[PDB]
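These values consider heavy atoms only, across backbone and side chains, with no hydrogens, waters or symmetry-generated copies. One-based numbering along the sequence shown. Whatever order the structure lists them in is the order used to number ligands and atoms, beginning at 1.
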Amino acid sequence: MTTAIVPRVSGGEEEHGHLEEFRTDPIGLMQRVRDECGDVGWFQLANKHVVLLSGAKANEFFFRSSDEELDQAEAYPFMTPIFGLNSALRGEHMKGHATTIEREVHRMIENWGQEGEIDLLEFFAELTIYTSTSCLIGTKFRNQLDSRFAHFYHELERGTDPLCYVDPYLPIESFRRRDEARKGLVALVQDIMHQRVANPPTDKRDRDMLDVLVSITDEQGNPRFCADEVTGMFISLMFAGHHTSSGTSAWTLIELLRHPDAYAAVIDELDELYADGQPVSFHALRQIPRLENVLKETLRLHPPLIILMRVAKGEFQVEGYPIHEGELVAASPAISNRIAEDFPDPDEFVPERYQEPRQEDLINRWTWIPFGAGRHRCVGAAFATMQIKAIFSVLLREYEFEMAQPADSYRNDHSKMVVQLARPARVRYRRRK
Ligand code: HEM
């Protein structure tokens with residue numbers, strides 16, 4: 001009667017609590033937490049006690065917390081088996097990156113020809129393997145990669161089943177495949193490193209991050225870094241960028257196809273913009289208003305990170321409720337982005353939301369959170385937005401697209417903590433005049 005108890009959401013009668021619901025319909029679970037509990041409720045993942053926050057006030061507490069109060073890395077048990085930016089994300093690099101991104105889109109569609117069909121999952125996942133490695137690690141390194149790298153990295157992402165809260169090394173097939181894939185990536189990187197040590201650049205202009213790394217010496221004069229550590233570093237350099245860009249690119253195309261008036265306006269704007277003959281490295285770095293608002297609304301409806309988790313490293317209070325040391329704390333862009341009082345008609349695709357009168361992203365900084373907020377904002381948000389603009393500047397000016405299945409049949413796979421499209425998700429293309 002003196003101290004409150006955070007209410008537990010219904011369900012979760014199994015021995016690991018709500019874990020099984022969390023690996024089938026996590027968004028429905030979080031929606032129930034909101035509906036039954038309000039701004040502060042909790043659900044159970046194995047032995048973990050997840051305090052789910054929602055609404056502007058609780059979200060603000062989350063996003064203002066320090067890295068030392070609410071610990072990010074400890075909330076994600078798959079990070080250890082997977083793993084083992086003054087660099088790429090300086091604005092001075094964006095123009096060069098846009099050029100790289102255009103080039104990779106060109107390479108992906110080189111052999112498309114006049115007409116055909118693609119699987120959205122494969123297409124955007126592979127494309128963003130190459131954009132991510134080239135922009136975030138270097139073009140010299142990406143040039144020494146092939147599809148074997150793409151497919152191993154994919155299996156890493158598929159190694160994120162929430163069963164990792166029982167045990168990140170549970171003897172299940174997707175975890176075995178994950179760990180084998182990490183070994184395969186170490187082997188690819190090891191061969192590349194062998195070739196780099198054999199051929200150190202004689203011109204410092206030819207050195208990339210890997211050349212520097214393999215040159216580093218320890219106190220006995222021996223290589224400080226082995227292939228395992230290098231692989232882990234490179235995985236971590238691109239892990240925040242790949243699945244998010246892949247999913248967001250796919251859903252941007254899907255929402256364009258579900259809304260052909262928005263598709264038409266975006267195309268008309270792109271054709272008129274690029275009629276000045278300036279290249280993608282120019283336009284992708286300046287305003288493309290209708291495409292930008294389509295992207296903002298795609299992010300609102302389909303945020304690639306549906307939950308953001310932390311481990312409490314102390315006792316806290318939020319809206320009169322305690323959070324105890326060791327409990328997990330979470331915010332949910334999936335739920336937050338659709339709060340009706342902030343986003344009228346929240347389930348509807350309305351890119352006008354972001355135009356001057358409404359500006360629903362800017363005036364709801366604690367509930368419009370596809371990129372996070374406060375002290376935990378996506379550091380690659382500008383790179384991610386530029387990349388989408390460059391990708392669709394190429395794709396939509398050179399090809400036109402059509403759904404190959406009903407509009408309502410595109411859906412996400414939530415079986416893993418990394419979100420990706422569910423099958424089927426296919427689209428037709430035809431080359432433009
Ligand atoms: C494509 C759309 C993207 C979205 C919606 C997105 C979303 C987010 C979110 C919500 C966070 C906060 C995570 C948390 O505090 O728990 C975050 C953090 C971060 N993001 Fe992104 N992201 C995207 C793409 C990218 C890209 C392309 C990169 C790198 C080039 C990147 C790099 C990072 C980094 C470095 C952090 C902070 C460290 C971390 O939390 O891992 N993101 N992002």
Numbered atoms and elements of ligand 1 in range of [X], under 4.0 angstrom, heavy atoms:
X      : result
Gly372 : 10 (C)
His376 : 12 (C), 15 (O)
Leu299 : 5 (C)
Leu136 : 30 (C)
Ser245 : 1 (C), 27 (C)
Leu89  : 30 (C)
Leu308 : 10 (C), 16 (O)
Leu85  : 35 (C)

Nearest neighbour in protein (non-hydrogen) for [atom]:
atom                    : result
atom 7 (C) of ligand 1  : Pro370 O, 3.5 Å
atom 9 (C) of ligand 1  : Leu305 CD1, 3.6 Å
atom 41 (O) of ligand 1 : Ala240 CB, 4.1 Å
atom 24 (C) of ligand 1 : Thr244 OG1, 3.1 Å
atom 15 (O) of ligand 1 : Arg310 NH2, 2.6 Å
atom 37 (C) of ligand 1 : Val379 CG1, 3.5 Å
atom 18 (C) of ligand 1 : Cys378 CA, 3.6 Å

What part of [X] sits under 4.0 Å from ligand 1 if we count only heavy atoms: the side chain, the backbone, both or neither?
X      : answer
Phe371 : both
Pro304 : side chain
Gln72  : side chain

Exercise for review: Measure from the ring center of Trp42 to the ring center of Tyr321 and say whether it is less than 6.0 Å.
Suggested key: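 No.
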Ion pair [X]/[Y], N-O distance below 4.0 Å:
X      : Y      : result
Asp268 : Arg290 : no
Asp361 : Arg300 : no
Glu69  : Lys313 : no

**Study point:** Verify atom 31 (C) of ligand 1: protein non-hydrogen atom under 4.0 angstrom away
**Key:**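 There is a protein heavy atom less than 4.0 Å from atom 31 (C) of ligand 1.
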Point to revise | Short side-chain to backbone donor-acceptor contact, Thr128 and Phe124, under 3.5 Å | key: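 Yes, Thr128 side chain to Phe124 backbone: donor-acceptor pair under 3.5 Å.
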So, [X] versus [Y]: side-chain donor-acceptor pair below 3.5 Å or not?
X      : Y      : result
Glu126 : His154 : no
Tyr429 : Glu117 : no
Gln44  : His49  : no
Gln359 : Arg353 : no
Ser174 : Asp161 : no

Check your understanding: Should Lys416 and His243 count as side-chain neighbours, where that means a heavy-atom distance under 4.5 Å?
Key -> no
**Study point:** Option nearest atom 28 (C) of ligand 1 (shortest heavy-atom distance, choices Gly241, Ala384, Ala381)
**Key:**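 It is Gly241 that holds the nearest heavy atom.
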Check your understanding: Does the cation-pi check pass for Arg178 over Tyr169, that is, NZ or CZ under 6.0 Å from the six-membered ring centre and within 45° of its axis?
Key -> yes
